[PDB]
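**Q** Structure below; questions to follow.
Residue numbers (UniProt numbering), protein chains in the order written: chain A, 68 to 76, 82 to 131; chain B, 551 to 600.
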């Protein structure tokens, strides 16, 4: 009634960026698709000359 | 840090903030933000989502 009455008396907000580091970029990209063919070409050339041992030993 | 707030927000849009609206019924909608970086200001300027 008196004394104190003179003054006065959720779910999901879904953030995303959190506490990780900063990020950067560059545009000098992508030789790498050539080596996948270099590697599998030269791999064949190994077997090709293993065959050239065998095809001369068989003579 | 916790504040049950109560505020009166004024209309800033130039075309209507001073318009003398004549008799009739009018739809009046507005959109309000929830983004604390937009809504609040901090002395350090730190991120408030984090």
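Quick reminder that beta carbons are idealized off the backbone N, C-alpha and C, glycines included.
Using a C-beta cutoff of 8 Å, does residue 83 of chain A count as contacting chain B?
**A** It does not; no Cβ of chain B falls within 8 Å.
**Q** Would you say residue 87 of chain A faces chain B, with C-beta separation under 8 Å as the test?
**A** At least one chain B Cβ lies under 8 Å of residue 87 of chain A.
**Q** Less than 8 Å between CB atoms is the rule here; does residue 599 of chain B satisfy it with respect to chain A?
**A** Yes, contact with chain A.
**Q** What is the residue span of the alpha helix (DSSP H) that residue 105 of chain A lies within?
**A** Counting along the chain, the alpha helix (DSSP H) containing residue 105 of chain A begins and ends at 105–129.
**Q** So with Cβ pairs under 8 Å, would you call residue 90 of chain A a contact of chain B?
**A** For residue 90 of chain A, the answer is yes, since a Cβ of chain B falls inside 8 Å of its Cβ.
**Q** So, helix, strand or coil for residue 588 of chain B, using DSSP?
**A** Residue state, collapsed to three classes: helix.
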